[PDB]
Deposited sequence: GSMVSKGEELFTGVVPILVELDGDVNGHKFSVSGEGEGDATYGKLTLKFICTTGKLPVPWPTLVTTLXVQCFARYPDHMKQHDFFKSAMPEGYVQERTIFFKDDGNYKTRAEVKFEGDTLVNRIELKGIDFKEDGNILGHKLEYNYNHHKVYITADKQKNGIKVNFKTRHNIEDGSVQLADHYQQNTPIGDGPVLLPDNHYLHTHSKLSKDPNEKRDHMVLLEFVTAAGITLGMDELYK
């Protein structure tokens, strides 16, 4: 499981989404280097303009790339599910607004780590922060709390994210996350701990399509 992540791994992401009826797709390619906890990825909205802000999509758009320090390698659930993979399900509640519901499969396809996702968004306000496109194009750092869930043979994960708005306030998002394996094979069920994540968003100046360039570093602690 862990031996598939010793070098640079290529990554592919495929998202089909539906938010308040506005349908879209996003595709991403990049690579991940789990020894350093590094991800570099470029995403394109392939159906035109993206109907929600790119920041709301980041957490949906591969925690198996987290750097687990040596003293904690016995708590890396995500790499232990590989190569067959795990299913990731979330509900994300945006305070005073709507919510996303997501299901993704993460697994190897030959050499490539694949993250295939379905997303549904309901109850968003036409003039709210999301559909109204009022979020800044940036990303704060976060702690992602991970607990075992032994009766689903996986893990439960919860965190909040704070998205900046031009007026100084924030849009809060509360994530609730269940990961479970795809295989009938062994996995590691960790002790409680968290992931510390840093993310930088930017644009390719030679790209005319609606896109996002993403640099992420993720580290396990606690």
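Several segments of the deposited sequence are absent from the coordinates, namely 1-6, 68, 230-239.
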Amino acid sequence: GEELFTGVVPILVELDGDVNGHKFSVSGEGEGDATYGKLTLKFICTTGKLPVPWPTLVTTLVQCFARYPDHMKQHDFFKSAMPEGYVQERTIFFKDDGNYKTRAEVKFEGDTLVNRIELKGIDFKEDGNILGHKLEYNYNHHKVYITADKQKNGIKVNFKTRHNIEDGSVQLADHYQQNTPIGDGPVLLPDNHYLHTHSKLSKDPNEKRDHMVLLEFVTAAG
From here on, numbers count along this sequence of modelled residues.
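Look at the mean CA B-factor for 195-203 and for 17-25 in the entry; the higher one is 17-25. In this entry, 148-156 shows the higher mean Cα temperature factor of the pair 97-105 and 148-156. Highest C-alpha temperature factor among 133, 90, 79, 116, as the PDB entry reports it: 133. Remark: residue 186 belongs to the highest third of its chain, ranked by C-alpha B-factor as recorded. Ranked by C-alpha B-factor against the other modelled residues of its chain, residue 110 falls in the middle third.
In the deposited entry, the Cα temperature factor of residue 128 places it in the highest third of its chain's modelled residues. Per the PDB record, residue ranking by Cα B-factor puts residue 143 in the middle third of the chain.
When the modelled residues of the chain are ordered by their C-alpha B factor, residue 40 lands in the lowest third.
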